[PDB]
Each structure stands twice: as C-alpha cells, then as structure tokens.
S.K.: 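For reference, the structure I am asking about is given below.
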Amino acid sequence: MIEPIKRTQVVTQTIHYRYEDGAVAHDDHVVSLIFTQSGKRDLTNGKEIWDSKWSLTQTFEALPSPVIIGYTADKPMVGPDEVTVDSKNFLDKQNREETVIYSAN
C-alpha cells in the first residue's frame, strides 16, 4: 500500500542594475522556476521511493537590459539560462544572481 508524495525545488534568478559608481540604476529583476518531483511512500515501513533518473530542465528566458539614456549596459541582455534539477541532487540550491553595470556613453 503506497501513497503519493512530492517535493519542490525553487530556483530564482536575481538581476541587479547599477551604475559604475554603485548607484542603483534600476529595480532588480527577479524570476523563479519551480520544480516538483512526484513519488510514493510505503504505508507499511515509511520508505519514500523516488525515481533516481528523474530530471527536469527549465529556462530563465533572455532578459534584455533596460536602456538608460546616456549610458550603456556591460551586458545588453542576460540569459537564456537553462536550469536542471534531478532526483540525485534535488536538495541543492542553484539560484542565479548577477549585476549589469552601466557606463556613461
């Protein structure tokens, strides 16, 4: 006798926008990718069974950098970035984070 169980991993991408002097050039851009694997639990002995070869990939779509008059971003566009979560390393954080710098043109 088994029952369904599940687990979720959330990976987020945080993009910072600053000027060379460190001044915030634009609000941060945050997005998330939610990964959920299904499994079963034995009602008799409590064993949780997960498919060892389970794997899922999703993509943080390309994120064009905001255009700011008078300056130019060192990274005109961020991503795309493919993130994969598998059963064997399910509990491992993979959040992305970077900063785009604007230099007076």
Side-chain angles (χ1 to χ4, degrees):
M1 202 86 92
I2 67 169
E3 59 176 344
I5 54 170
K6 69 193 175 58
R7 55 175 171 176
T8 302
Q9 169 65 67
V10 186
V11 187
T12 78
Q13 179 190 60
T14 299
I15 304 297
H16 295 298
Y17 300 104
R18 295 188 163 188
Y19 287 103
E20 295 184 302
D21 53 14
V24 51
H26 188 296
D27 293 317
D28 296 335
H29 188 297
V30 187
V31 288
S32 166
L33 292 179
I34 309 174
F35 300 75
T36 294
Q37 167 177 26
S38 290
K40 303 292 172 192
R41 176 184 301 127
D42 195 294
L43 292 173
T44 301
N45 54 35
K47 179 179 59 181
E48 309 202 308
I49 301 82
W50 304 100
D51 188 313
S52 190
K53 299 296 183 181
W54 179 83
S55 190
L56 181 65
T57 296
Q58 299 191 73
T59 297
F60 279 125
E61 306 300 310
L63 187 70
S65 290
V67 179
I68 289 184
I69 304 177
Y71 300 79
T72 68
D74 57 355
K75 305 179 198 302
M77 180 188 93
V78 171
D81 189 352
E82 290 196 333
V83 172
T84 293
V85 170
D86 42 57
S87 188
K88 271 94 74 167
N89 311 293
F90 196 96
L91 306 157
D92 297 304
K93 300 179 166 309
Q94 311 189 56
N95 309 322
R96 333 302 243 199
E97 170 169 37
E98 52 179 297
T99 306
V100 181
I101 295 298
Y102 293 93
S103 293
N105 184 55

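We count residues from 1, following the sequence as given. Every heavy atom of this structure was used, including side-chain atoms; hydrogens, water molecules and symmetry mates were not.
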S.K.: Can you see which heavy atom on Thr36 is nearest to which on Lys6, and at what distance?
M.R.: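 Here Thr36 and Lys6 meet closest at CG2-CB, 4.1 Å.
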S.K.: Show the nearest heavy-atom pair for residues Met77 and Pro80, with the distance to one decimal.
M.R.: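 The answer is CE-CD, 4.3 Å.
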S.K.: Residues in side-chain hydrogen bond (donor to acceptor under 3.5 Å, both in side chains) with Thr57, at least two apart?
M.R.: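 So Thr57 forms a side-chain hydrogen bond (donor to acceptor under 3.5 Å, both in side chains) with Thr84.
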S.K.: Looking at OH of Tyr19 and CD1 of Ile68, how far apart are the two atoms once the value is rounded to the nearest 0.5 Å?
M.R.: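 Answer rounded to 0.5 Å: 3.5 Å.
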S.K.: Does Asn95 have any side-chain hydrogen bond (donor to acceptor under 3.5 Å, both in side chains) partners at least two apart in sequence or in another chain, and if so, which?
M.R.: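 Testing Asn95 for side-chain hydrogen bond (donor to acceptor under 3.5 Å, both in side chains), a comparison that skips the adjacent residues, returns none.
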S.K.: According to side-chain hydrogen bond (donor to acceptor under 3.5 Å, both in side chains), who are the partners of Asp51, at least two apart in sequence or on a separate chain?
M.R.: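 Listed in chain order: nothing, the list is empty.
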S.K.: I want to check something: taking the side chain as every heavy atom from C-beta on, are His26 and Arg18 in contact at a cut-off of under 4.5 Å?
M.R.: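 The answer is no; the side chains never approach within 4.5 Å.
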S.K.: Taking all heavy atoms of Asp42 and all of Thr44, pick out the closest pair and write down the distance.
M.R.: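 Heavy atoms only, the tightest pair is OD1-N, 2.8 Å.
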S.K.: Quick check: closest heavy atoms across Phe90 and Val85, and the distance to 0.1 Å?
M.R.: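 Answer, listing the atom of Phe90 first, then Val85: CD1-CG1, 3.7 Å.
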S.K.: Could you pull out all donor-acceptor pairs under 3.5 Å where a side-chain atom in residues 97-105 meets a protein atom, sequence neighbours excluded?
M.R.:
unit_1	atom_1	unit_2	atom_2	d
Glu97	OE2	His16	NE2	2.6
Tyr102	OH	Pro66	O	2.8
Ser103	OG	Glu20	OE2	2.7

S.K.: How close do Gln37 and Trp50 get, counting heavy atoms only, and between which atoms?
M.R.: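 What the structure gives for the nearest pair is O-CZ3, 3.5 Å.
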S.K.: Do you know the tightest heavy-atom contact between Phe35 and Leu56?
M.R.: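 In terms of heavy atoms, the two residues are closest at CE2-O, 3.4 Å.
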S.K.: Test: side-chain hydrogen bond (donor to acceptor under 3.5 Å, both in side chains). Region: residues 62-81. Which pairs qualify, not counting sequence neighbours?
M.R.: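 Every pair satisfying side-chain hydrogen bond (donor to acceptor under 3.5 Å, both in side chains) with a residue in residues 62-81: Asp81-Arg96.
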S.K.: Treating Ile, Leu, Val, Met, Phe, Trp and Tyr as nodes and any side-chain heavy-atom pair under 4.5 angstrom as an edge, say whether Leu33 and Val31 lie in one connected cluster.
M.R.: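 Linked within one cluster.
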S.K.: Begin from the C-alpha positions of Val83 and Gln58 and carry the test side-chain contact (heavy atoms from CB on, under 4.5 Å) through to its verdict.
M.R.: CA-CA 5 Å; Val83 172; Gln58 299 191 73; 5.8 Å; no
S.K.: OG1/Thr12 to NZ/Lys93 distance, rounded to the nearest 0.5 angstrom?
M.R.: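 Answer rounded to 0.5 Å: 9.0 Å.
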S.K.: Can you confirm whether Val78 sits close enough to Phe60 that some side-chain heavy atom of one is under 4.5 Å from a side-chain heavy atom of the other?
M.R.: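 Contact flag for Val78/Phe60 side chains = no.
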S.K.: Holding to salt bridge (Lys or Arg N to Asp or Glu O under 4.0 Å), I want the full list of residues that pass it with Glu3, two or more places apart in sequence or in another chain.
M.R.: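 For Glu3, the residues satisfying salt bridge (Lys or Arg N to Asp or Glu O under 4.0 Å) (neighbours in sequence not counted) are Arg41.
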S.K.: Decide yes or no on side-chain contact (heavy atoms from CB on, under 4.5 Å) for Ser52 and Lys88, but give the supporting numbers first.
M.R.: CA-CA 6 Å; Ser52 190; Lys88 271 94 74 167; 3.1 Å; yes
